[PDB]
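> structure.pdb (PDB, C-alpha atoms (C1' of nucleotides) and all ligand atoms) pasted underneath:
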```
ATOM      1  CA  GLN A   1      25.437  79.385  17.968  1.00  0.00           C
ATOM      2  CA  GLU A   2      25.127  76.037  16.201  1.00  0.00           C
ATOM      3  CA  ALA A   3      26.597  77.338  12.937  1.00  0.00           C
ATOM      4  CA  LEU A   4      29.967  76.800  14.647  1.00  0.00           C
ATOM      5  CA  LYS A   5      28.851  73.180  15.288  1.00  0.00           C
ATOM      6  CA  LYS A   6      27.201  72.065  12.035  1.00  0.00           C
ATOM      7  CA  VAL A   7      30.470  72.351  10.092  1.00  0.00           C
ATOM      8  CA  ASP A   8      32.463  69.107   9.917  1.00  0.00           C
ATOM      9  CA  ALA A   9      35.847  70.187  11.253  1.00  0.00           C
ATOM     10  CA  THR A  10      37.159  66.637  10.743  1.00  0.00           C
ATOM     11  CA  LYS A  11      36.551  66.497   6.992  1.00  0.00           C
ATOM     12  CA  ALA A  12      38.382  68.127   4.095  1.00  0.00           C
ATOM     13  CA  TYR A  13      35.428  69.343   2.064  1.00  0.00           C
ATOM     14  CA  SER A  14      35.877  69.758  -1.659  1.00  0.00           C
ATOM     15  CA  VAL A  15      35.749  73.203  -3.234  1.00  0.00           C
ATOM     16  CA  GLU A  16      32.153  72.561  -4.306  1.00  0.00           C
ATOM     17  CA  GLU A  17      30.997  71.251  -0.911  1.00  0.00           C
ATOM     18  CA  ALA A  18      32.734  74.190   0.762  1.00  0.00           C
ATOM     19  CA  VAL A  19      31.145  76.887  -1.395  1.00  0.00           C
ATOM     20  CA  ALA A  20      27.748  75.184  -1.076  1.00  0.00           C
ATOM     21  CA  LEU A  21      27.785  75.058   2.730  1.00  0.00           C
ATOM     22  CA  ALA A  22      29.205  78.599   2.788  1.00  0.00           C
ATOM     23  CA  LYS A  23      25.713  79.719   1.766  1.00  0.00           C
ATOM     24  CA  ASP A  24      24.326  78.108   4.924  1.00  0.00           C
ATOM     25  CA  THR A  25      27.063  79.195   7.346  1.00  0.00           C
ATOM     26  CA  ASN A  26      26.064  82.877   7.500  1.00  0.00           C
ATOM     27  CA  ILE A  27      22.918  83.352   9.671  1.00  0.00           C
ATOM     28  CA  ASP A  28      24.996  88.652   4.113  1.00  0.00           C
ATOM     29  CA  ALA A  29      28.684  87.715   4.326  1.00  0.00           C
ATOM     30  CA  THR A  30      31.738  87.838   2.053  1.00  0.00           C
ATOM     31  CA  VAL A  31      33.230  84.376   1.549  1.00  0.00           C
ATOM     32  CA  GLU A  32      36.934  84.210   2.403  1.00  0.00           C
ATOM     33  CA  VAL A  33      39.622  81.872   1.098  1.00  0.00           C
ATOM     34  CA  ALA A  34      42.478  81.319   3.561  1.00  0.00           C
ATOM     35  CA  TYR A  35      45.948  79.808   3.180  1.00  0.00           C
ATOM     36  CA  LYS A  36      48.366  79.317   6.048  1.00  0.00           C
ATOM     37  CA  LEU A  37      51.686  78.971   4.279  1.00  0.00           C
ATOM     38  CA  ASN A  38      54.993  77.158   4.716  1.00  0.00           C
ATOM     39  CA  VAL A  39      56.950  80.232   3.532  1.00  0.00           C
ATOM     40  CA  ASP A  40      58.810  82.723   5.717  1.00  0.00           C
ATOM     41  CA  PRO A  41      56.392  85.706   5.900  1.00  0.00           C
ATOM     42  CA  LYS A  42      59.062  87.863   7.600  1.00  0.00           C
ATOM     43  CA  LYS A  43      61.404  88.308   4.614  1.00  0.00           C
ATOM     44  CA  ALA A  44      61.051  90.431   1.490  1.00  0.00           C
ATOM     45  CA  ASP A  45      61.714  87.567  -0.941  1.00  0.00           C
ATOM     46  CA  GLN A  46      58.505  85.797   0.182  1.00  0.00           C
ATOM     47  CA  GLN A  47      56.105  88.730   0.735  1.00  0.00           C
ATOM     48  CA  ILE A  48      53.428  87.239  -1.496  1.00  0.00           C
ATOM     49  CA  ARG A  49      51.310  90.084  -2.819  1.00  0.00           C
ATOM     50  CA  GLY A  50      49.008  91.104  -5.634  1.00  0.00           C
ATOM     51  CA  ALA A  51      45.387  91.604  -6.593  1.00  0.00           C
ATOM     52  CA  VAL A  52      42.903  89.863  -8.874  1.00  0.00           C
ATOM     53  CA  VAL A  53      39.375  90.397 -10.180  1.00  0.00           C
ATOM     54  CA  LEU A  54      36.359  88.332  -9.236  1.00  0.00           C
ATOM     55  CA  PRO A  55      34.462  87.719 -12.516  1.00  0.00           C
ATOM     56  CA  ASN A  56      31.250  86.960 -10.583  1.00  0.00           C
ATOM     57  CA  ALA A  57      40.184 101.103 -14.546  1.00  0.00           C
ATOM     58  CA  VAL A  58      36.658  99.683 -14.695  1.00  0.00           C
ATOM     59  CA  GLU A  59      38.308  96.327 -15.433  1.00  0.00           C
ATOM     60  CA  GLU A  60      39.968  96.504 -11.984  1.00  0.00           C
ATOM     61  CA  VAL A  61      38.444  99.203  -9.761  1.00  0.00           C
ATOM     62  CA  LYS A  62      34.853  98.355 -10.748  1.00  0.00           C
ATOM     63  CA  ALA A  63      35.087  94.683 -11.757  1.00  0.00           C
ATOM     64  CA  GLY A  64      35.670  93.608  -8.136  1.00  0.00           C
ATOM     65  CA  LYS A  65      39.425  93.533  -7.635  1.00  0.00           C
ATOM     66  CA  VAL A  66      40.289  91.862  -4.330  1.00  0.00           C
ATOM     67  CA  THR A  67      43.823  92.239  -2.977  1.00  0.00           C
ATOM     68  CA  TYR A  68      45.878  89.413  -1.501  1.00  0.00           C
ATOM     69  CA  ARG A  69      49.033  89.868   0.544  1.00  0.00           C
ATOM     70  CA  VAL A  70      50.490  87.535   3.141  1.00  0.00           C
ATOM     71  CA  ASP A  71      50.828  88.985   6.632  1.00  0.00           C
ATOM     72  CA  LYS A  72      53.662  88.425   9.101  1.00  0.00           C
ATOM     73  CA  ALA A  73      51.651  85.497  10.507  1.00  0.00           C
ATOM     74  CA  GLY A  74      51.989  83.597   7.211  1.00  0.00           C
ATOM     75  CA  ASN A  75      48.199  83.754   6.785  1.00  0.00           C
ATOM     76  CA  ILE A  76      47.068  85.040   3.388  1.00  0.00           C
ATOM     77  CA  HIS A  77      43.290  85.162   3.102  1.00  0.00           C
ATOM     78  CA  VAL A  78      41.179  86.961   0.541  1.00  0.00           C
ATOM     79  CA  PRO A  79      37.480  87.670  -0.164  1.00  0.00           C
ATOM     80  CA  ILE A  80      35.814  85.844  -3.060  1.00  0.00           C
ATOM     81  CA  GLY A  81      32.338  87.388  -2.902  1.00  0.00           C
ATOM     82  CA  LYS A  82      29.119  87.256  -0.932  1.00  0.00           C
ATOM     83  CA  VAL A  83      27.175  84.146   0.095  1.00  0.00           C
ATOM     84  CA  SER A  84      24.386  85.325  -2.233  1.00  0.00           C
ATOM     85  CA  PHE A  85      26.584  84.540  -5.264  1.00  0.00           C
ATOM     86  CA  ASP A  86      26.004  81.303  -7.145  1.00  0.00           C
ATOM     87  CA  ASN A  87      28.004  78.373  -5.843  1.00  0.00           C
ATOM     88  CA  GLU A  88      29.551  77.300  -9.158  1.00  0.00           C
ATOM     89  CA  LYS A  89      30.540  80.945  -9.575  1.00  0.00           C
ATOM     90  CA  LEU A  90      32.185  80.688  -6.157  1.00  0.00           C
ATOM     91  CA  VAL A  91      34.017  77.644  -7.534  1.00  0.00           C
ATOM     92  CA  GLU A  92      35.146  79.839 -10.431  1.00  0.00           C
ATOM     93  CA  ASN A  93      36.248  82.584  -8.031  1.00  0.00           C
ATOM     94  CA  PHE A  94      38.265  80.063  -6.033  1.00  0.00           C
ATOM     95  CA  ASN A  95      39.699  78.696  -9.276  1.00  0.00           C
ATOM     96  CA  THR A  96      40.931  82.212 -10.067  1.00  0.00           C
ATOM     97  CA  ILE A  97      42.344  82.676  -6.554  1.00  0.00           C
ATOM     98  CA  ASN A  98      43.924  79.234  -6.219  1.00  0.00           C
ATOM     99  CA  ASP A  99      45.453  79.305  -9.707  1.00  0.00           C
ATOM    100  CA  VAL A 100      46.954  82.774  -9.341  1.00  0.00           C
ATOM    101  CA  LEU A 101      48.249  82.069  -5.822  1.00  0.00           C
ATOM    102  CA  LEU A 102      49.804  78.740  -6.851  1.00  0.00           C
ATOM    103  CA  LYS A 103      51.350  80.251  -9.987  1.00  0.00           C
ATOM    104  CA  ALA A 104      52.721  83.212  -7.992  1.00  0.00           C
ATOM    105  CA  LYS A 105      54.897  80.690  -6.141  1.00  0.00           C
ATOM    106  CA  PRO A 106      58.110  81.796  -4.425  1.00  0.00           C
ATOM    107  CA  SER A 107      60.463  79.278  -6.019  1.00  0.00           C
ATOM    108  CA  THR A 108      62.386  78.775  -2.745  1.00  0.00           C
ATOM    109  CA  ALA A 109      59.429  76.986  -1.116  1.00  0.00           C
ATOM    110  CA  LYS A 110      59.691  73.618   0.617  1.00  0.00           C
ATOM    111  CA  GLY A 111      58.265  70.155  -0.030  1.00  0.00           C
ATOM    112  CA  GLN A 112      54.957  71.474   1.309  1.00  0.00           C
ATOM    113  CA  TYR A 113      53.707  74.937   0.341  1.00  0.00           C
ATOM    114  CA  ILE A 114      50.262  75.073   1.993  1.00  0.00           C
ATOM    115  CA  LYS A 115      50.421  74.251   5.692  1.00  0.00           C
ATOM    116  CA  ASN A 116      46.670  74.716   6.135  1.00  0.00           C
ATOM    117  CA  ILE A 117      43.798  75.742   3.885  1.00  0.00           C
ATOM    118  CA  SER A 118      40.201  76.673   4.635  1.00  0.00           C
ATOM    119  CA  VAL A 119      37.153  78.841   3.958  1.00  0.00           C
ATOM    120  CA  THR A 120      35.181  81.239   6.149  1.00  0.00           C
ATOM    121  CA  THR A 121      32.854  84.238   5.770  1.00  0.00           C
ATOM    122  CA  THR A 122      31.978  87.435   7.629  1.00  0.00           C
ATOM    123  CA  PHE A 123      30.187  84.966   9.920  1.00  0.00           C
ATOM    124  CA  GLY A 124      31.568  81.712   8.535  1.00  0.00           C
ATOM    125  CA  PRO A 125      33.195  79.175  10.844  1.00  0.00           C
ATOM    126  CA  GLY A 126      36.278  77.463   9.513  1.00  0.00           C
ATOM    127  CA  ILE A 127      35.850  74.945   6.695  1.00  0.00           C
ATOM    128  CA  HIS A 128      39.203  73.203   6.232  1.00  0.00           C
ATOM    129  CA  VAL A 129      39.966  71.491   2.913  1.00  0.00           C
ATOM    130  CA  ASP A 130      42.634  69.453   1.095  1.00  0.00           C
ATOM    131  CA  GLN A 131      43.345  71.361  -2.148  1.00  0.00           C
ATOM    132  CA  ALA A 132      40.913  69.860  -4.663  1.00  0.00           C
TER     133      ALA A 132
ATOM    134  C1'   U B   1      35.967  98.981  18.241  1.00  0.00           C
ATOM    135  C1'   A B   2      30.632  94.566  17.590  1.00  0.00           C
ATOM    136  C1'   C B   3      30.999  89.763  15.456  1.00  0.00           C
ATOM    137  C1'   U B   4      33.490  85.608  11.848  1.00  0.00           C
ATOM    138  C1'   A B   5      37.515  83.093  10.998  1.00  0.00           C
ATOM    139  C1'   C B   6      43.305  82.842   9.048  1.00  0.00           C
ATOM    140  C1'   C B   7      45.932  83.181  13.011  1.00  0.00           C
ATOM    141  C1'   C B   8      50.786  84.943  15.611  1.00  0.00           C
ATOM    142  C1'   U B   9      54.066  85.812  20.443  1.00  0.00           C
ATOM    143  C1'   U B  10      53.726  84.548  25.683  1.00  0.00           C
ATOM    144  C1'   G B  11      52.517  80.742  29.464  1.00  0.00           C
ATOM    145  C1'   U B  12      48.675  76.693  31.612  1.00  0.00           C
ATOM    146  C1'   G B  13      46.812  71.800  30.781  1.00  0.00           C
ATOM    147  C1'   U B  14      45.818  66.446  28.454  1.00  0.00           C
ATOM    148  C1'   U B  15      48.323  62.630  25.821  1.00  0.00           C
ATOM    149  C1'   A B  16      52.385  60.256  23.459  1.00  0.00           C
ATOM    150  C1'   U B  17      57.525  60.213  23.442  1.00  0.00           C
ATOM    151  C1'   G B  18      62.839  61.146  24.733  1.00  0.00           C
ATOM    152  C1'   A B  19      66.769  62.134  28.352  1.00  0.00           C
ATOM    153  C1'   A B  20      68.796  63.178  33.514  1.00  0.00           C
ATOM    154  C1'   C B  21      67.994  62.430  38.750  1.00  0.00           C
ATOM    155  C1'   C B  22      65.969  60.384  43.836  1.00  0.00           C
ATOM    156  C1'   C B  23      63.387  56.619  46.009  1.00  0.00           C
ATOM    157  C1'   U B  24      60.494  51.560  45.756  1.00  0.00           C
ATOM    158  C1'   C B  25      60.255  46.588  43.917  1.00  0.00           C
ATOM    159  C1'   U B  26      61.751  41.958  42.946  1.00  0.00           C
ATOM    160  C1'   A B  27      62.728  38.157  38.911  1.00  0.00           C
ATOM    161  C1'   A B  28      68.816  38.753  36.730  1.00  0.00           C
ATOM    162  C1'   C B  29      73.979  38.899  39.309  1.00  0.00           C
ATOM    163  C1'   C B  30      76.122  38.137  44.268  1.00  0.00           C
ATOM    164  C1'   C B  31      76.652  36.204  49.762  1.00  0.00           C
ATOM    165  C1'   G B  32      84.546  33.600  53.189  1.00  0.00           C
ATOM    166  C1'   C B  33      75.113  33.567  55.860  1.00  0.00           C
ATOM    167  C1'   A B  34      72.096  29.200  57.978  1.00  0.00           C
ATOM    168  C1'   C B  35      69.591  24.315  56.895  1.00  0.00           C
ATOM    169  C1'   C B  36      68.758  19.807  53.531  1.00  0.00           C
ATOM    170  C1'   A B  37      70.695  16.320  49.796  1.00  0.00           C
ATOM    171  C1'   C B  38      74.692  14.399  46.580  1.00  0.00           C
ATOM    172  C1'   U B  39      77.899  12.838  51.260  1.00  0.00           C
ATOM    173  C1'   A B  40      81.844   9.727  55.350  1.00  0.00           C
ATOM    174  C1'   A B  41      83.385  16.507  52.546  1.00  0.00           C
ATOM    175  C1'   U B  42      84.572  23.905  56.430  1.00  0.00           C
ATOM    176  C1'   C B  43      85.345  22.063  48.556  1.00  0.00           C
ATOM    177  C1'   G B  44      81.703  22.351  44.887  1.00  0.00           C
ATOM    178  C1'   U B  45      76.726  21.654  42.641  1.00  0.00           C
ATOM    179  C1'   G B  46      71.624  21.938  43.355  1.00  0.00           C
ATOM    180  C1'   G B  47      66.993  22.898  46.595  1.00  0.00           C
ATOM    181  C1'   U B  48      64.562  25.847  50.688  1.00  0.00           C
ATOM    182  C1'   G B  49      64.950  30.345  53.795  1.00  0.00           C
ATOM    183  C1'   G B  50      67.356  35.086  54.824  1.00  0.00           C
ATOM    184  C1'   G B  51      70.296  39.289  53.232  1.00  0.00           C
ATOM    185  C1'   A B  52      71.687  42.772  49.645  1.00  0.00           C
ATOM    186  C1'   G B  53      70.218  44.125  44.648  1.00  0.00           C
ATOM    187  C1'   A B  54      69.779  45.992  39.386  1.00  0.00           C
ATOM    188  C1'   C B  55      74.360  48.367  42.933  1.00  0.00           C
ATOM    189  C1'   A B  56      78.624  45.380  43.191  1.00  0.00           C
ATOM    190  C1'   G B  57      81.643  42.094  40.160  1.00  0.00           C
ATOM    191  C1'   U B  58      83.348  41.086  35.270  1.00  0.00           C
ATOM    192  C1'   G B  59      84.150  42.865  29.977  1.00  0.00           C
ATOM    193  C1'   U B  60      85.114  47.254  26.607  1.00  0.00           C
ATOM    194  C1'   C B  61      86.310  52.567  26.219  1.00  0.00           C
ATOM    195  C1'   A B  62      87.855  56.938  28.348  1.00  0.00           C
ATOM    196  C1'   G B  63      90.050  60.742  32.240  1.00  0.00           C
ATOM    197  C1'   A B  64      93.288  61.491  36.869  1.00  0.00           C
ATOM    198  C1'   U B  65      97.142  59.394  39.801  1.00  0.00           C
ATOM    199  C1'   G B  66     101.269  56.242  39.310  1.00  0.00           C
ATOM    200  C1'   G B  67     109.738  55.288  39.974  1.00  0.00           C
ATOM    201  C1'   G B  68     105.391  50.252  42.436  1.00  0.00           C
ATOM    202  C1'   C B  69     107.729  48.551  37.712  1.00  0.00           C
ATOM    203  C1'   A B  70     110.223  48.795  32.884  1.00  0.00           C
ATOM    204  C1'   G B  71     113.095  50.690  28.589  1.00  0.00           C
ATOM    205  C1'   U B  72     116.221  54.643  27.778  1.00  0.00           C
ATOM    206  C1'   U B  73     118.886  59.793  27.685  1.00  0.00           C
ATOM    207  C1'   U B  74     122.241  62.643  30.459  1.00  0.00           C
ATOM    208  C1'   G B  75     127.330  67.214  24.104  1.00  0.00           C
ATOM    209  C1'   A B  76     132.232  68.220  22.376  1.00  0.00           C
ATOM    210  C1'   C B  77     136.773  71.468  22.594  1.00  0.00           C
ATOM    211  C1'   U B  78     140.245  71.276  26.366  1.00  0.00           C
ATOM    212  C1'   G B  79     148.586  71.795  27.870  1.00  0.00           C
ATOM    213  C1'   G B  80     144.608  65.150  32.198  1.00  0.00           C
ATOM    214  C1'   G B  81     139.533  65.820  33.366  1.00  0.00           C
TER     215        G B  81
HETATM  216 MG    MG C 201      88.298  35.847  54.394  1.00  0.00          MG
HETATM  217 MG    MG C 202     114.358  53.657  36.298  1.00  0.00          MG
HETATM  218 MG    MG C 203     118.736  48.779  24.054  1.00  0.00          MG
HETATM  219 MG    MG C 204     135.546  65.335  26.727  1.00  0.00          MG
HETATM  220 MG    MG C 205     142.784  71.299  31.260  1.00  0.00          MG
END
```
Write out the structure in this file as structure tokens.

Amino acid sequence: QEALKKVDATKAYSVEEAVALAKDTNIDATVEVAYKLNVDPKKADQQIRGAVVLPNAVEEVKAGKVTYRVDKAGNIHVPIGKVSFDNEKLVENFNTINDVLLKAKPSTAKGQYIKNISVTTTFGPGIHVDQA
RNA sequence: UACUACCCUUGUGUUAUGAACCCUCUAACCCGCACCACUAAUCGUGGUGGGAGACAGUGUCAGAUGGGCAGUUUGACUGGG
């Protein structure tokens, strides 16, 4: 019950803090990056989509290719591996995800591109962050 | 299908805000209401009560009405016109 309470909903944890406490907030569980976007998810020009390997078709099918694709809700969220993975390796996984998602930008975006941003797991409560 | 969150439509609430509308207040404005003083003054200015009251009045802007008023128009040909 109290795993939903221990997490500091007020604070924007760093990537490192987030992946570290993701190990705790499980009571096994796949960690999950989540963006809520400023784009229009209901138009073809902004249907963000793709797939990328977690380093932590053997290069794709076996190496741990996780797919990302934004839903109609504007919420694109992707697995980045289990809580039993090393936390700096989770930082590397999120580096992969964040870099590829930011560099896959629809050029017609607005002043803000990420409305909200957070982490969860298969039993992870929300861990909101501020892109750093 | 459990459960975690990213959440999305729909409609309930708290709070902060913005408008419209009704009532209530009085402290602005007003009283060809009373009393006091200036003061011998049916003026006026103040003071004290009472009444109305953020209306009215006044200013600006706009719409309707407007011979009450004003300025003007109201052809030529043509066996007169
Ligand atoms: Mg009279
Ligand atoms: Mg006339
Ligand atoms: Mg003249
Ligand atoms: Mg004539
Ligand atoms: Mg004639």
> Between atom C1' of residue B:6 and atom CA of residue A:62, what is the distance, to one decimal in Å?
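One can read the atom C1' of residue B:6 to atom CA of residue A:62 distance as 26.5 Å.
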> Give the residues of chain A that lie within 6 Å of chain B; count all atoms listed in the file, and format the answer as an NGL selection string.
:A and (34 or 73 or 75 or 120 or 122-126)
> Residues of the last selection are to be written out with C-alpha atoms, as a PDB file, keeping the file's coordinate frame.

```pdb
ATOM      1  CA  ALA A  34      42.478  81.319   3.561  1.00  0.00           C
ATOM      2  CA  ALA A  73      51.651  85.497  10.507  1.00  0.00           C
ATOM      3  CA  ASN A  75      48.199  83.754   6.785  1.00  0.00           C
ATOM      4  CA  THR A 120      35.181  81.239   6.149  1.00  0.00           C
ATOM      5  CA  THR A 122      31.978  87.435   7.629  1.00  0.00           C
ATOM      6  CA  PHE A 123      30.187  84.966   9.920  1.00  0.00           C
ATOM      7  CA  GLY A 124      31.568  81.712   8.535  1.00  0.00           C
ATOM      8  CA  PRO A 125      33.195  79.175  10.844  1.00  0.00           C
ATOM      9  CA  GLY A 126      36.278  77.463   9.513  1.00  0.00           C
TER      10      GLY A 126
END
```
> If we count all atoms listed in the file, what is near stretch 127-131 of chain A at a cut-off of 7 Å, once residues fewer than 2 positions away on the same chain are taken out, given as a PDB file with C-alpha atoms, keeping the file's coordinate frame?

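Produced file selection-v4.pdb, reproduced below:
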```
ATOM      1  CA  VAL A   7      30.470  72.351  10.092  1.00  0.00           C
ATOM      2  CA  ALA A   9      35.847  70.187  11.253  1.00  0.00           C
ATOM      3  CA  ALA A  12      38.382  68.127   4.095  1.00  0.00           C
ATOM      4  CA  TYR A  13      35.428  69.343   2.064  1.00  0.00           C
ATOM      5  CA  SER A  14      35.877  69.758  -1.659  1.00  0.00           C
ATOM      6  CA  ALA A  18      32.734  74.190   0.762  1.00  0.00           C
ATOM      7  CA  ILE A 117      43.798  75.742   3.885  1.00  0.00           C
ATOM      8  CA  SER A 118      40.201  76.673   4.635  1.00  0.00           C
ATOM      9  CA  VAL A 119      37.153  78.841   3.958  1.00  0.00           C
ATOM     10  CA  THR A 120      35.181  81.239   6.149  1.00  0.00           C
ATOM     11  CA  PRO A 125      33.195  79.175  10.844  1.00  0.00           C
TER      12      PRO A 125
END
```
> Selected by the PyMOL selection byres (((chain B and resi 54-58) around 9) and not hetatm) in the shown coordinates: which residues, as a list in words?
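On the file shown, the PyMOL selection byres (((chain B and resi 54-58) around 9) and not hetatm) covers residues 28, 29, 30, 53 and 59 of chain B.
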> Output C-alpha atoms (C1' of nucleotides) of each residue in that selection to a file, as a PDB file, in the frame of the given file.

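Dumped everything to part_25.pdb:
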```pdb
ATOM      1  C1'   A B  28      68.816  38.753  36.730  1.00  0.00           C
ATOM      2  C1'   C B  29      73.979  38.899  39.309  1.00  0.00           C
ATOM      3  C1'   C B  30      76.122  38.137  44.268  1.00  0.00           C
ATOM      4  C1'   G B  53      70.218  44.125  44.648  1.00  0.00           C
ATOM      5  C1'   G B  59      84.150  42.865  29.977  1.00  0.00           C
TER       6        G B  59
END
```
> For the file shown, report as a list in words the outcome of the PyMOL selection byres (((not hetatm)) within 9 of (chain C and resi 202)) at residue level.
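Taken on the displayed file, the PyMOL selection byres (((not hetatm)) within 9 of (chain C and resi 202)) yields the residues residues 67, 69, 70, 71 and 72 of chain B.
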> Work out how far apart atom CA of residue A:80 and atom CA of residue A:43 are and give it in Å to one decimal.
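Taking atom CA of residue A:80 as the start and atom CA of residue A:43 as the end point, the length is 26.8 Å.
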> Selection in question (the file shown): the PyMOL selection byres (((not hetatm)) within 12 of (chain C and resi 204)). Which residues does it include, as a list in words?
residues 75, 76, 77, 78, 80 and 81 of chain B
> Compile the contact shell of residue B:34 as a VMD selection string: residues with an atom at most 12 Å away, counting only C-alpha atoms (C1' of nucleotides), same-chain residues fewer than 5 positions apart removed.
chain B and resid 48 to 51
> Using Å and a single decimal, report how far atom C1' of residue B:2 sits from atom CA of residue A:68.
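Atom-to-atom, atom CA of residue A:68 to atom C1' of residue B:2, that is 25.0 Å.
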> Between B:63, B:68, B:32, B:44, which has the minimum distance to ligand MG 201 (chain C) (counting only C-alpha atoms (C1' of nucleotides) and all ligand atoms)?
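For ligand MG 201 (chain C), the nearest of the given residues is B:32.
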> What's the 12 Å shell around residue A:110, counting all atoms listed in the file, without same-chain residues fewer than 6 positions away, as a list in words?
residues 37, 38, 39 and 40 of chain A
> Calculated over all atoms listed in the file, which of the candidates A:92, A:32, A:86, A:24 has the smallest distance to residue A:54?
A:92
